[PDB]
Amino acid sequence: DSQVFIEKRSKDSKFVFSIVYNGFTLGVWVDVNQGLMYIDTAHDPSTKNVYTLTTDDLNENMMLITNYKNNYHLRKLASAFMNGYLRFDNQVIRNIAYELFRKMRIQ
């Protein structure tokens, strides 16, 4: 099933933040020189940049514009995905990221 955006994170990529989506944690990583972002299960368990996203959406984190003040890393994620710069470690992660993205909105 279309393993095109499927790349493992590069040696020089750096951790930036995590998303806990339902209860599953996804680590987001950046390769600065390449201009690519990667979503993997690996993460740093002590980071300040953590975002709880849930299917029912009580904290409104699926609302990119409602929460502009607080959600900077999510809006970048969504940009990178739309501008073609997001990479996923696995097809499973990919299917999870897709599902996450499907319930986001620009309001």
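All residue numbers are counted from 1 along the displayed sequence.
If you average the Cα B factors in the entry, which is higher, 26 to 34 or 44 to 52? Between 26 to 34 and 44 to 52, it is 44 to 52 that shows the higher mean C-alpha B-factor.
Looking at the deposited entry, does 72 to 80 or 56 to 64 carry the larger mean Cα B-factor? Mean CA B-factor is higher for 56 to 64.
What third of the chain does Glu99 rank in for C-alpha temperature factor, lowest, middle or highest? Tercile = middle for this residue's CA B-factor.
What third of the chain, by the recorded C-alpha B-factor, contains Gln91? For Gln91, the deposited C-alpha B-factor lands in the middle third.
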